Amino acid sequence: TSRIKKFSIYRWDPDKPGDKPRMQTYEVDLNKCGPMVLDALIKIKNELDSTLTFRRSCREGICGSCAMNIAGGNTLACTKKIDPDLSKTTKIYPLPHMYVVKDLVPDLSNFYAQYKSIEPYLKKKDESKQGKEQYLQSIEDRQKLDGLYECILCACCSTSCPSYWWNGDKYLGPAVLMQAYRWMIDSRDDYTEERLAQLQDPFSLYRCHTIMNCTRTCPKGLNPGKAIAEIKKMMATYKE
């Protein structure tokens, strides 16, 4: 009358002086649990171990709070189905190569700061008309944003890039870079050339070697790898 599924979860407590990172095993009856991994994490926190800490909010894959490494791959716990194979133990880690605040909560301050550094907002050279009439944009030029604006900033793609592991301090990563591309090709933006000159350095953009782990792990089905390649094509063709 049960189905015991095993979860091995990374644990670390900054409040314990001397606590070393450890894996803890929890047993969950899948008959009394939802289909997604976040449902198991919430069930464990509610009933088994209320000290288990993790980010969550929307539980529907739109906010991007519950990004973590489930079974070797970065994904959203709220949309990652539980492996019903009771023989295998699902291993849950934080996002890879990230400073751990506590348990499964990484520090995304640098990730957020890199997104601010590319100035992700509409910039027109004549902003004396802002708040008057809606800017015109054709359906075809609006279609160019499909696949780019749905990014939820979960950092599943950036934390899966090996170049981001070795050079996360100066390489922006696939998440920020795709958003930089989202504003380069926005037909309403007038700072397209300025946004490319910012990437004229060996690290911000050109640390991408087309490894393509970013696209494989994106829970939104987006392709930050292809957007980076479109940036590289723009960098080599634009004039000043």
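Quick note: we count residues from 1 along the sequence shown, nothing fancier.
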*Where do the C-alpha atoms have the higher mean temperature factor in this entry, in 81-89 or in 158-166?*
81-89
*Between 170-178 and 37-45, point out the one with the higher average CA B-factor as the PDB entry records it.*
37-45
*Name the one of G73, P96, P120, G131 with the greatest CA B-factor according to the PDB entry.*
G131
*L136's Cα B-factor: lowest, middle or highest third of the chain?*
highest
*Lowest, middle or highest third - CA B-factor, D107*: lowest
*Thinking about Cα B factors across the chain, which third does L196 belong to?*
middle
*Ordered by C-alpha B-factor within the chain, which third holds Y26? Give me lowest, middle or highest, please.*
highest
*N69 CA temperature factor, ranked by third within the chain*: lowest
